[PDB]
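Here are the chains, one letter per residue:
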Amino acid sequence: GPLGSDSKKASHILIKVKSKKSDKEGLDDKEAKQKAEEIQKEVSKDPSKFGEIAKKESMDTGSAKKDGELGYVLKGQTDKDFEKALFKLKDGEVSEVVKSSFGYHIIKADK
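Let me sum up the structure you'll find in this document. (Residues numbered from 1 in each chain as written, not as in the entry; some residues may be left out. Heavy atoms only, no water.)

**Side note on the sheet that holds strand 3 (residues 94-100)**
Read from one edge to the other, the open sheet built from 4 strands follows the order 2-1-4-3, with strand pairing classed as antiparallel. Only two strands of the sheet have a single partner each, and these edge strands are strand 2 (69-74) and strand 3. Ignoring strand direction, the axes of neighbouring strands in this sheet form an average angle of 35°. Relative to strand 2, strand 1 (residues 7-16) runs antiparallel, the two being bridged by 5 bridges. Within the sheet, the bridge partner assigned to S11 lies in strand 2 and is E69. Of the strands in this sheet, strand 1, strand 2, strand 3 and strand 4 (103-109) are in contact with helix 4 (residues 80-87), which crosses strand 3 at around 170°. (Pairing = 2+ DSSP bridges. Helix = DSSP H or I, 4+ residues; strand = E, 2+ residues; numbered from the N terminus. Axes fitted to C-alpha atoms, helices over the stretch in contact; angles between N-to-C directions. Contact = heavy atoms within 4.5 Å.)

This is the structure:
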């Protein structure tokens, strides 16, 4: 019979959570959650705008300057919450606000 793949192509956003009010690197946990929710509802209704929105709104400059693209993600490379939220997606589909050790993430599977 058929068999499923060990990897898939993806895009993502990082929203940094900080415990300090004075740090410019990220936001307070309620402001990070609000930012993550308002970009989620904007990238989920149009995943072709994901690359324009991630490049402005993501704090991970290592992927945001590449339009939020990760390329092919292998199992075990990312957080267990990130992997669970990615591997359930169809081609071109968008996840949700995913919480991890850095704060909040938003994830898209690619075509």
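After that view of the structure, there is still more to cover.
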